[PDB]
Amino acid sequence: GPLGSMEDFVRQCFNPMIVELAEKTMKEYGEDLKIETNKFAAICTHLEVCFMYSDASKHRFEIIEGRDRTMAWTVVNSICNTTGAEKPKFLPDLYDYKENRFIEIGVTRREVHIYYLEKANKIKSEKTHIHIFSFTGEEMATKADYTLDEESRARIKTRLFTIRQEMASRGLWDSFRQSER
């Protein structure tokens, strides 16, 4: 039927804090949200997932993603100094105080195993744990260790589904999906 605006969708669907942080991430990349709207949506989604992952167990995780790059590195360095954790080469998304490791969060509509292998190939760090979510409910994680319980992860998955369903309902899903990578 009607074909909506992705910008409208993002602003109606995500929390304003998430939207603004997303805008900042894009601006930090010099990129224009009004042209790269699908990517804007992707950034909001990834942010929301990182935030949900953290809220699934308050104070277990330190959030790295969403901060200014400089500030993010200061947080990472302080964590490494306090815990003795090995400094990663790339900025990760979270730190798990319980399992004593950084976490990289991926969100994709590509096939999750391939996506996982790509992330793990890029990272090169034996320590950073990778957790990949797809919009279809599949997930993939380092050493089949999924960190959180089924309830929490299902909450994340459900949110992803809701996003996909509302996109599809506005006619936005095809473009969004095809726009990855």
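We number the residues from 1 along the sequence you see.
Student: Report the stretch with the higher mean CA temperature factor, choosing between 154-162 and 21-29 on the basis of the entry.
Tutor: Higher mean C-alpha B-factor in the PDB entry: 21-29.
Student: Going by the B-factors listed in the PDB entry, is the mean over the C-alpha atoms higher for 145-153 or for 121-129?
Tutor: Higher mean C-alpha B-factor in the PDB entry: 121-129.
Student: Going by what the PDB entry lists, where does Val49 fall on CA B-factor within its chain: lowest, middle or highest third?
Tutor: Lowest third.
Student: Within this chain's modelled residues, let me know which third the CA B factor of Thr136 belongs to: lowest, middle or highest.
Tutor: It falls in the top third of the chain.
Student: How does the C-alpha B factor of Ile105 compare with the rest of the chain: lowest, middle or highest third?
Tutor: Lowest third.
Student: Can you tell me which third, lowest, middle or highest, the CA B-factor of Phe90 falls into for its chain?
Tutor: It falls in the top third of the chain.
Student: Should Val76 be placed in the lowest, middle or highest third of its chain by the C-alpha B factor in the entry?
Tutor: Bottom third by C-alpha B-factor.
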